[PDB]
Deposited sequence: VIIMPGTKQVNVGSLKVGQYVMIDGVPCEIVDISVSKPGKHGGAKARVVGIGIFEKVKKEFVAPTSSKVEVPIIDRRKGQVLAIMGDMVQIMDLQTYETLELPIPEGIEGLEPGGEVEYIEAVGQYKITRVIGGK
């Protein structure tokens, strides 16, 4: 239902997530400057779901969108080569997800943590 919430540029911190040109990114750099005696920020983010580098400049008082992140847990049911079928531990619904490019030891019966944000999903950690 809800995709993103509005927040002031000025409240953003490195390591947080923000929407830039429609892409949810993790902030890796923030430069804030005050001209004379309104502040302005330059934000550099890298995609959470895709390999992309985005950036924007905006007054610190402006509003920007931040994706609302759904943190979930599921159980690995099957590993078909590259993609893994997991069962969400709350809905008992099944979904197929790509196997994280650099993930630890994944195997059936095991539990994972995955996230959904603005219609996209990604496996983040192995909960076991």
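Should a student be asked to find the unmodelled regions, what ranges of the deposited sequence would be the right answer here?
Counting from residue 1, the stretches without coordinates are 1-3, 41-42, 134-135.
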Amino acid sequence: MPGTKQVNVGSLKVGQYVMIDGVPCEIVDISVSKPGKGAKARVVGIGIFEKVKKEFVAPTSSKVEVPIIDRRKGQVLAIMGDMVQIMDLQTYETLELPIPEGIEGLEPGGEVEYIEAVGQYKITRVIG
From here on, numbers count along this sequence of modelled residues.
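Using the B-factors recorded in the PDB entry, average over the C-alpha atoms of 95-103 and of 48-56, then report which stretch comes out higher.
Taking the mean C-alpha B-factor of 95-103 and of 48-56, the larger value falls to 95-103.
Between 39-47 and 68-76 (mean CA B-factor, as deposited), the higher:
If you average the C-alpha B-factors of 39-47 and of 68-76, the larger mean comes out for 68-76.
Which one, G119, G22, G15, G109, has the peak C-alpha temperature factor per the PDB entry?
That would be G109, according to the entry.
Going by the recorded CA B-factors, say which third of the chain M87 sits in, lowest, middle or highest.
Tercile = middle for this residue's CA B-factor.
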